>>> print(open('work-v5.cif').read())   # mmCIF, C-alpha atoms
data_coords
#
loop_
_atom_site.group_PDB
_atom_site.id
_atom_site.type_symbol
_atom_site.label_atom_id
_atom_site.label_comp_id
_atom_site.auth_asym_id
_atom_site.auth_seq_id
_atom_site.Cartn_x
_atom_site.Cartn_y
_atom_site.Cartn_z
ATOM 1 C CA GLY A 1 8.408 11.529 14.709
ATOM 2 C CA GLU A 2 10.063 9.705 11.807
ATOM 3 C CA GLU A 3 6.747 8.074 10.905
ATOM 4 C CA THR A 4 7.394 8.534 7.161
ATOM 5 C CA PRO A 5 9.986 10.542 5.108
ATOM 6 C CA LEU A 6 7.974 13.816 5.007
ATOM 7 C CA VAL A 7 9.779 16.388 7.169
ATOM 8 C CA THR A 8 7.770 19.140 5.336
ATOM 9 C CA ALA A 9 5.949 17.085 2.672
ATOM 10 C CA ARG A 10 2.515 15.706 3.770
ATOM 11 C CA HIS A 11 0.866 14.651 0.479
ATOM 12 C CA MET A 12 -0.916 11.292 0.909
ATOM 13 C CA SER A 13 -2.844 9.386 -1.820
ATOM 14 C CA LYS A 14 -6.432 7.989 -1.958
ATOM 15 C CA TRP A 15 -5.435 4.392 -1.163
ATOM 16 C CA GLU A 16 -2.153 5.236 0.724
ATOM 17 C CA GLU A 17 -4.124 4.380 3.944
ATOM 18 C CA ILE A 18 -6.350 1.381 2.925
ATOM 19 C CA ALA A 19 -3.006 -0.204 1.997
ATOM 20 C CA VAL A 20 -1.567 0.565 5.474
ATOM 21 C CA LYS A 21 -4.609 -0.771 7.342
ATOM 22 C CA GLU A 22 -4.303 -4.152 5.599
ATOM 23 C CA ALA A 23 -0.461 -4.019 5.810
ATOM 24 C CA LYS A 24 -0.595 -3.852 9.662
ATOM 25 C CA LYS A 25 -3.540 -6.195 10.123
ATOM 26 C CA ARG A 26 -2.274 -9.161 8.069
ATOM 27 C CA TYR A 27 1.087 -8.991 9.927
ATOM 28 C CA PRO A 28 0.326 -9.920 13.536
ATOM 29 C CA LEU A 29 3.968 -10.568 14.572
ATOM 30 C CA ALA A 30 5.023 -7.232 13.000
ATOM 31 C CA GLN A 31 4.445 -3.428 12.768
ATOM 32 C CA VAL A 32 4.195 -1.241 9.596
ATOM 33 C CA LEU A 33 6.363 1.960 9.726
ATOM 34 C CA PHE A 34 6.461 3.346 6.121
ATOM 35 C CA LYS A 35 4.241 4.585 3.244
ATOM 36 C CA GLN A 36 5.846 4.765 -0.257
ATOM 37 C CA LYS A 37 4.161 4.879 -3.676
ATOM 38 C CA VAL A 38 5.041 2.744 -6.713
ATOM 39 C CA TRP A 39 3.786 2.663 -10.331
ATOM 40 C CA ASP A 40 0.078 3.249 -11.004
ATOM 41 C CA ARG A 41 -2.321 3.385 -13.984
ATOM 42 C CA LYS A 42 -5.906 2.907 -15.039
ATOM 43 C CA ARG A 43 -7.675 0.665 -17.609
ATOM 44 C CA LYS A 44 -11.101 1.180 -19.263
ATOM 45 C CA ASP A 45 -13.063 0.016 -16.206
ATOM 46 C CA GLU A 46 -10.518 -0.921 -13.539
ATOM 47 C CA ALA A 47 -7.543 0.996 -12.016
ATOM 48 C CA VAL A 48 -4.584 0.078 -9.776
ATOM 49 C CA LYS A 49 -2.507 2.182 -7.324
ATOM 50 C CA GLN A 50 -0.527 -0.239 -5.134
ATOM 51 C CA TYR A 51 2.001 0.936 -2.477
ATOM 52 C CA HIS A 52 5.073 -0.414 -0.719
ATOM 53 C CA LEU A 53 5.388 -0.118 3.072
ATOM 54 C CA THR A 54 8.053 -1.451 5.497
ATOM 55 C CA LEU A 55 6.983 -4.052 8.082
ATOM 56 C CA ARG A 56 9.239 -4.779 11.119
ATOM 57 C CA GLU A 57 9.253 -8.217 12.808
ATOM 58 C CA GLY A 58 11.583 -9.048 15.715
ATOM 59 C CA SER A 59 14.527 -7.151 14.248
ATOM 60 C CA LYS A 60 14.007 -7.780 10.501
ATOM 61 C CA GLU A 61 12.428 -5.114 8.312
ATOM 62 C CA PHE A 62 10.829 -6.161 5.007
ATOM 63 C CA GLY A 63 8.543 -4.670 2.366
ATOM 64 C CA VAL A 64 5.076 -5.938 1.350
ATOM 65 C CA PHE A 65 2.923 -4.851 -1.659
ATOM 66 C CA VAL A 66 -0.809 -4.122 -1.342
ATOM 67 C CA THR A 67 -2.869 -5.061 -4.411
ATOM 68 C CA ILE A 68 -5.874 -2.686 -4.658
ATOM 69 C CA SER A 69 -8.045 -3.012 -7.772
ATOM 70 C CA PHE A 70 -10.380 -0.018 -7.841
ATOM 71 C CA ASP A 71 -12.566 1.663 -10.436
ATOM 72 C CA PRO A 72 -11.669 4.851 -12.370
ATOM 73 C CA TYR A 73 -15.329 6.050 -12.343
ATOM 74 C CA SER A 74 -15.885 6.706 -8.604
ATOM 75 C CA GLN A 75 -13.185 4.704 -6.712
ATOM 76 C CA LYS A 76 -15.332 1.650 -5.964
ATOM 77 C CA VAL A 77 -12.627 -0.732 -4.693
ATOM 78 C CA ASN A 78 -13.291 -3.790 -6.846
ATOM 79 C CA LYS A 79 -10.928 -5.982 -4.732
ATOM 80 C CA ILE A 80 -7.811 -6.009 -2.496
ATOM 81 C CA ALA A 81 -5.009 -8.611 -2.020
ATOM 82 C CA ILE A 82 -1.607 -8.696 -0.182
ATOM 83 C CA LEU A 83 1.886 -9.823 -1.410
ATOM 84 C CA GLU A 84 5.091 -10.406 0.629
ATOM 85 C CA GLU A 85 8.701 -9.667 -0.400
ATOM 86 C CA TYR A 86 11.201 -12.497 0.331
ATOM 87 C CA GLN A 87 15.027 -12.539 0.377
#
>>> encode(input="work-v5.cif", output="structure tokens")
Amino acid sequence: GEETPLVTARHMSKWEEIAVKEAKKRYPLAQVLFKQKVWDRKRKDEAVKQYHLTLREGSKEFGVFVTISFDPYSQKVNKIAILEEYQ
């Protein structure tokens, strides 16, 4: 199925799923049908790897961004938040 653009290219990230789980659950009128990466980095003693998915609601599709603050030491997720695109 066209579940993501990976016709031969399965290579998911650590948080590429935690992001999805929140990105369906916070969107009760909608469905999430994508998984794309963005920027990422680390700091001394935090790290960030957000993602961009595509939600679908009614007949609109729209992206949302999943804030995940984690730790570089052992991937303790320090916190999570959610952010909506608007147009």
>>> resolve_selection(input="work-v5.cif", expression="the PyMOL selection byres ((chain A and resi 64-81) around 8)", output="number ranges by chain")
A: 15, 19, 22-23, 42-55, 62-63, 82-85
>>> axis_aligned_box(input="work-v5.cif", around="segment 76-82 of chain A", padding_each_side="8 Å", output="lines of an AutoDock Vina configuration file")
center_x = -8.5
center_y = -3.5
center_z = -3.5
size_x = 29.7
size_y = 26.3
size_z = 22.7
>>> atom_distance(input="work-v5.cif", atom1="atom CA of residue 56 of chain A", atom2="atom CA of residue 33 of chain A")
7.5 Å
>>> residues_around(input="work-v5.cif", residues="residue 2 of chain A", least_positions_apart="2", cutoff="10 Å", atoms="only C-alpha atoms", output="list in words")
residues 4, 5, 6, 7, 33 and 34 of chain A
>>> closest_residue(input="work-v5.cif", among="A:36, A:86, A:31, A:3", to="residue 16 of chain A", atoms="only C-alpha atoms")
A:36
>>> atom_distance(input="work-v5.cif", atom1="atom CA of residue 59 of chain A", atom2="atom CA of residue 20 of chain A")
19.9 Å
>>> atom_distance(input="work-v5.cif", atom1="atom CA of residue 12 of chain A", atom2="atom CA of residue 58 of chain A")
28.1 Å
